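Each remark here refers to the structure printed beneath this line.
Below, chain A is the first sequence line, B the second, and so on; all start at residue 1. As a basis for the values below, the full set of heavy atoms in this structure was taken, side chains included, without hydrogen atoms, waters or symmetry mates.
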Amino acid sequence: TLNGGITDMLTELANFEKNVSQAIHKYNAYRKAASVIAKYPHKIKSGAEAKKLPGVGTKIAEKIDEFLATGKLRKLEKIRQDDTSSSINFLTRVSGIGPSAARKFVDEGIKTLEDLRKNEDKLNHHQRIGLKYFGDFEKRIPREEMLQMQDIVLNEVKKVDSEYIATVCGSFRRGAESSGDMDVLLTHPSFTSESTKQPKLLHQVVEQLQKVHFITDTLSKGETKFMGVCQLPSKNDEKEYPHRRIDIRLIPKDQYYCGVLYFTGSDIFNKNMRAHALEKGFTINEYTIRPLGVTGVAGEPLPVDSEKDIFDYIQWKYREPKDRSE
DNA sequence: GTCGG
DNA sequence: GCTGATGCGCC
DNA sequence: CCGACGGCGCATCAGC
Ligand SMILES: Nc1ccn([C@H]2C[C@H](O)[C@@H](COP(=O)(O)OP(=O)(O)OP(=O)(O)O)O2)c(=O)n1
Ligand SMILES: *CC[C@H](OP(*)(=O)O)[C@H](O)COP(=O)(O)O
Ligand SMILES: [Mg+2]
Ligand SMILES: [Mg+2]
Ligand SMILES: [Mg+2]
Ligand SMILES: [Mg+2]
């Protein structure tokens, strides 16, 4: 609601920089500005008011002044009218089509949904599945369906080995009423930072979920990360549920707190927290928090016994998952 | 595009 | 076959 | 002004 006009404007500029300009730092700058404006609890009355927030500079203030006076941004009005920008912005909505592949396809005269379904032989495995479920993948998952999905995954993993722990992360763990997809963090005692005492720990879980027809497709799979497609079972005479994206990440059992911090997000929160860690002389990834030596070389992993320990190292007050959303 | 040294 | 670069993905 | 901007997994390809 509040400042929705401004944040939508900034998100559309971010998407343009990422998809068309291939300018990843401008994309990140627009998104950081959109997120700080979304959390601001007043109706922004001027560019000058917004410029006081961290991540809003001169250029964004000037665009906020235009938007508030005219309800439009001339630059976005032009981009919307541009056939190449339009085509690329549409193709990048297909899972597996990034900015580079989108520009290549536009060059070959492939620029609509009809063009893609004619040219499937030109798509890689991932792109083919993104095309097949194009409609399904733009739908959000109601929390009630996420609870049904949680119950299937936790119960199936438990049937494979009572020592697995599966945790639903992403927007679900931040308490969202709807989720873009299902993100599952997996641990097993056999996989630690010190040892892999067992092979196929991720594979055996994927296989069981395929066997009860929950996982329907694979986009990618290695030893620690699965990316694919799943679907809730429906009743007699009921319309089928949409196909959903599922990500599964197997994390060393001893590095759970770093792993769950990473997988809980949001992505903007992780970028902000990791950028703050560097200013405080630390580096954070999904496994460890490590000091930076005078060098700029990461040192030994610091002890972590809680999510909050990570916040304490970088001198942040703890934020509950619910308070890490945009 | 913005920030901090 | 291996290794390093790049694309696309995740939060 | 100007260098840095988060960090890493898997798929794919060029060069040896
Ligand atoms: N054809 C080019 C253009 C630029 N550069 C280099 C020179 C500078 O080190 C840097 C950018 O210089 P610019 O004059 O482009 O500076 P800005 O990017 O700030 O200005 P502009 O508003 O023109 O983008 O890239 C280059 O090597 N070859
Ligand atoms: C939004 C205004 C732009 O800020 P950035 O460094 O992307 C520039 O001031 C205008 O640049 P252009 O419109 O992309 O040439
Ligand atoms: Mg996309
Ligand atoms: Mg998600
Ligand atoms: Mg996901
Ligand atoms: Mg915790």
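Going from atom CD of A:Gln22 over to atom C1' of B:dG1 covers 18 Å, rounded to whole Å. Put simply, NZ on A:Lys32 is 12 Å from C1' on D:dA4, counting in whole angstrom units. For the pair A:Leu219 CG and D:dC10 P, the computed distance is 14 Å after rounding to whole Å. Going from atom NE2 of A:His25 over to atom P of D:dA4 covers 10 Å, rounded to whole Å. Regarding A:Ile248, its CD1 atom lies at a distance of 14 Å from the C1' atom of D:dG9, rounded to whole Å. One can place CG of A:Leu123 at 15 Å from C1' of D:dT12, the figure rounded to the nearest angstrom. Atom NZ in A:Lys75 sits about 11 Å away from atom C1' in B:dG1, given to the nearest Å. Here C:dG7 presents its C1' atom at 15 Å from CZ of A:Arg103, a figure rounded to the nearest Å.
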Every protein N/O within reach of nucleotides 9-11 of chain C N/O, cut-off under 3.5 Å:
from	atom 1	to	atom 2	distance (Å)
C:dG9	OP1	A:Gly96	N	2.8
C:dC10	OP1	A:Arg245	NH2	2.7
C:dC10	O3'	A:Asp247	OD2	3.2
C:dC10	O2	A:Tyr262	OH	2.8
C:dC11	OP1	A:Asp181	OD1	3.0
C:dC11	OP1	A:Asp183	OD1	3.0
C:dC11	OP1	A:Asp183	OD2	3.0
C:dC11	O3'	A:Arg174	NH1	3.3
C:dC11	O2	A:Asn270	ND2	3.0

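Side-chain proximity of A:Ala101 to C:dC8, B:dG1, D:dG9: nearest is C:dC8. Relative to the side chain of A:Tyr30, the nucleotides B:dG1, D:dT12, D:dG6 differ in distance, and B:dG1 lies closest.
Comment: A:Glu66 does not engage A:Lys75 in a salt bridge, judged by the lack of any side-chain N to carboxylate O separation of less than 4.0 angstrom. Ion pairing between a basic and an acidic side chain is recognised when a charged N comes within 4.0 Å of a carboxylate O; A:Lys59 and A:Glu17 show no such pairing. With respect to A:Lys132 and A:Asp217, a salt bridge is recorded, a charged nitrogen being found less than 4.0 Å from a carboxylate O.
Across all strands, A:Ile284 comes closer than 4.0 Å only to sugar-phosphate atoms, never to a base (heavy-atom distances). Within 4.0 Å of A:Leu278, counting heavy atoms only, lie sugar-phosphate atoms of the nucleic acid but no base atom.
Nucleotides B:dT2 and D:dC8, compared at atom P, are 28 Å apart to the nearest Å.
No more than 12 heavy-atom neighbours from other residues, nucleotides or ligands sit within 6.0 angstrom of NZ on A:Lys211.
Mapped onto DNA chain D by nearest heavy atom, A:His125 and A:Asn285 fall at different nucleotides, with A:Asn285 at the one closer to the 5' end.
Both conditions hold for C:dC8 and C:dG9, whose six-membered rings have centres under 5.5 angstrom apart and planes under 30 degrees, so their bases stack.
Dashed line: the shortest gap from a side-chain N or O of A:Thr58 to OP1 or OP2 of B:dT2 is not under 4.0 Å.
In this structure, a donor-acceptor pair under 3.5 Å is absent between the side chains of A:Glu286 and A:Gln255.
Using cut-offs of 30° and 60° for the angle between ring planes, the A:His276 and A:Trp316 rings count as parallel.
In this structure, A:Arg143 forms a cation-pi arrangement with A:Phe172, its terminal cationic atom sitting closer than 6.0 Å to the ring centre and no more than 45° off the ring axis.
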